[PDB]
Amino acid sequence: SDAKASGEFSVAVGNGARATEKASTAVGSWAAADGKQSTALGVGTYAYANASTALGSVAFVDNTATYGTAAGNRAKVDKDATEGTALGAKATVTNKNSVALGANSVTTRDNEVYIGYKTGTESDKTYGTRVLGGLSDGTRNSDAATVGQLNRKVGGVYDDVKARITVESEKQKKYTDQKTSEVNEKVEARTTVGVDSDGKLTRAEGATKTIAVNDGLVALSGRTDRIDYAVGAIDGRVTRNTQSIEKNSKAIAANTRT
């Protein structure tokens, strides 16, 4: 039917191609550039929105998707996805200001770059994921962190925590030793007595022989037992002496004359 270049500055090349708005360019049979400053390249390629660019056969930018850019066979920026950018065959942008990066890629949120993709004939999953490589370590808060950075950051903190736990355990050992020692000092100061050359108990301070207070008590109690017996035995003797003395006095008096 065409080619028909009806817009100002417009160019249309190929059978059926049409460029119908100002500054539109359509190149490829049946391509259509129906937006202002729109560009369509390839067969059946449609750049319908203002400022849209569709590159590759059957690439598509919806007429509502102002500033949409689609590159690759069947790459698409869909309804309401203003400023969408689809990069790769069969990539699809369905969100504003987002990027579907890679063949078969999709978008899921606005203001997003998405590198996951519609899986084909072999996955139970709806979307597959892509590994992202070739990164320098991020420096800014909004830079991507690498696996290397993650490991080093986590490893460093892990070693620092190991180290702190060590210091604290040593502190607790030292503490218990000093606190336990305090009580041991008291025990030692109060529970021993020195023993003399002749067995006399003395202050433990700088003494040759040393014994425990309980042993000293047992031994001293034994001495007391002996003394206790003797005192009772002597008492009996003294009583009998007294009685005999008074009996002698009486007899002396009787001799004298009573």
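Note that residue numbering follows the sequence shown and begins at 1.
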property: Mean C-alpha B-factor comparison - 31-39 and 191-199, higher one; result: 191-199
property: 206-214 versus 62-70 - which carries the larger mean C-alpha B factor in the record; result: 206-214
property: Out of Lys76, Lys79, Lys171, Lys118, residue topping the C-alpha B-factor column of the entry; result: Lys171
property: Residue, from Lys186, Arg140, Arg109, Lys90, that the PDB entry assigns the highest Cα B-factor; result: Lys186
property: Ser181 - Cα temperature factor, lowest/middle/highest third of chain; result: highest
property: Chain-relative CA temperature factor third for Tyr114; result: lowest
property: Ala163 CA temperature factor, ranked by third within the chain; result: highest
property: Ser105 - which third its CA temperature factor falls in, relative to the rest of the chain; result: lowest
property: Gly133 - which third its CA temperature factor falls in, relative to the rest of the chain; result: lowest
